[PDB]
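Next up, C-alpha cells for two forms of one chain, structure 1 and then structure 2.
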Structure 1
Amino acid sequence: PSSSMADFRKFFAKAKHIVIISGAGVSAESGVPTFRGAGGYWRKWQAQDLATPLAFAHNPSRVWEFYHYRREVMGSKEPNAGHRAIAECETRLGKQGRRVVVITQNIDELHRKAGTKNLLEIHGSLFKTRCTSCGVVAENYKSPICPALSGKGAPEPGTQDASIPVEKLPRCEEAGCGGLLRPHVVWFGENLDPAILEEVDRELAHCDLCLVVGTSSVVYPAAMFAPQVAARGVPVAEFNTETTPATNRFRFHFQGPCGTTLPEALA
C-alpha cells in the first residue's frame, strides 16, 4: 500500500462518514495488559486460555479473578494520544455534520473515557456483566464487583486460586433470578451479538472512508470488516506497528505506534 500521508489527508478533507476500527494496539499503547502477546501471562495463563467458555465452565472463580484484576488495573490506565485524537476528531467533525464512528475490539472502555460517543464495542466490556440464567446485561463499575473478590486477582505466578464458591461470585440482581453473572465479554469461539453486527454492517455500508488502527487482523469476524468496505470503492488506511495478513488489501499503510501516526491523520 501507499505510504503517503499527504494523499490520505486529501480523502479525509472530504469524507463525511468515517469508520475507525480499533484493536489491541490502541490499548497496549496505554499499558493495558491484554495477555495476548507471546510472554504476556496472568499467573500461568493467557487470554487464549481464560477468555474462553471452557475456562468459565471449568473454574468460574479463576475467570472472575482474572477479569477482576483487569477491572482493577483500569484505575491506573489512561487514554493515549490515539484515543484523544479519535475523540477530538469525532467532536470537531460532528459540528460540521460529519460522522465518525469507532468500532472497537477492545474491552477496556478507554475510547469512552477519552470522550468518544459513537462507539460500537464488538467484544463487550470489562465493565458489563451478563447473567448466565436470564441473559440480562448490566453496567458494573464496582471495586470490587463482589465482596469475595476483595483483594483477589494478583497476577504473580504462584498466587493461589481464590476458589470462591459460585454463590459468592457476582450474582444477578434481577428480581427473582440471582443467576451466576459472567463478564459481558465475547470469548474465543463465541458468536458476536447479531444486533451489534447489524449496526456495524450499517456503518460499513454507508461510510466513505475507513481507518483500521492498532490491530493484528488475525481475530475474526473483526478482521473482515475493513476488507468489505474496500469493495464499494471506499479507501481503507491501516495504522499499525507492523504489516498484517490484511495489509495488502488496503489503500494506505502507516507504520508506527498508533499514538504517533493517528494525531497527524485526523487533524
Structure 2
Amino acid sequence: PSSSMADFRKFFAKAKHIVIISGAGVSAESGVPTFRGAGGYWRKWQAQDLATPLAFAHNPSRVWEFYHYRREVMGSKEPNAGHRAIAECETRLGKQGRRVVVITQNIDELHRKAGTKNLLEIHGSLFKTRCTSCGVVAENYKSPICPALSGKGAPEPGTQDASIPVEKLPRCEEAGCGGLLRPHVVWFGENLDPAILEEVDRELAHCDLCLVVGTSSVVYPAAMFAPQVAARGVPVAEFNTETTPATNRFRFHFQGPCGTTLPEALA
C-alpha cells in the first residue's frame, strides 16, 4: 500500500463522493474513554460487561450510571484536528457540489460538534434515548439526564451501585407513555439499524474514494464496508497508528495520529 501523500492528493482533488469510515482511534485522540481494550475500565467492568441487553435487564441502574458518566465526561472533551479536517472537508467540498459522508462507530458526537452534517452513526449516540415501551428515539443533552443520576456514575473502583429504582431512571416523556428509556446505542449481541445499513450501502455503492480513519480495514466495522468499495476498483486509503499495513489490496496507508495526517491529506 502506497505511502505517497502527493499521489493520494491527486485522487482527492478529483473525488466527487468521499466516504470516510471513522473508528475508535478518532475518539481516542480526543481523550474519550471507550472502556474497551487493554486497561479501559469503568469501576470493575468494561463495555462488554455493561453494554448488553442482559446487563440492562438485570441492573438498569448500573448501566445508566455507566452511560451517565460517559455523557457527562463529554463536557470536558473537544474534537481534535482529525474531526476538524473531516468537517472542513465536507463544508468545502459541499460548496463545490461534492459529497462527503462520515460513517462512524463512535457514539460521542464529536464529529457533529466539529461541524460534520453528513453523519451515519452506526452505533447510535450517547445523546439519544430510545423508549423501551414505545420505541421513540429522542435527542437528549440534559445534564443530568434525570435527577436521580446527579453525582452518580463515578468511575473509580470501589464505587458502590447507586441502585436507583427503575421508576426514577430516565423515563419517556411522550404523552401517555412513561416507559423506561435506554441509551440509543447498539449493544453487544444486537442488530444494527437496518435503515442505517441501507444508507451505508448506498454511499459505498456510489463513492469514488473511501477513507478508513482511526481503525483497520480488516476488522469490524471497516471490514464490513471497505471490501465492497475495493471490489469496484475504488481507492481505499487507511489512516491509522498501525506501523503494520494490516492490508494490501488497499491503495494507501498513512501511519500516525489522524490529527496529524488528515489536516494535510484533506486540505
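In this text, rigid core is short for the largest set of C-alphas that superpose within 1.5 Å between two forms. Residues that one form lacks are left out of the comparison. By convention here, residues take numbers in order along the sequence of structure 1, the first being 1.
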Position that moves between structure 1 and structure 2 after core superposition, taken from 200, 209, 222, 28, with Cα shift of 2 Å or more: 222
Superpose on the rigid core, then tell me if the C-alpha of residue 16 is displaced by 2 angstroms or more between structure 1 and structure 2. no
Given the rigid core as reference frame, how large is the C-alpha shift of residue 156 between structure 1 and structure 2? Answer in angstrom. 0.4
So, with the core fitted, how far does residue 249 move at its Cα between structure 1 and structure 2, in angstrom? 3.9
Where the Cα shift reaches 2 Å or more for at least three residues in a row, which ranges qualify between structure 1 and structure 2 on a rigid core fit? 216-223, 243-249
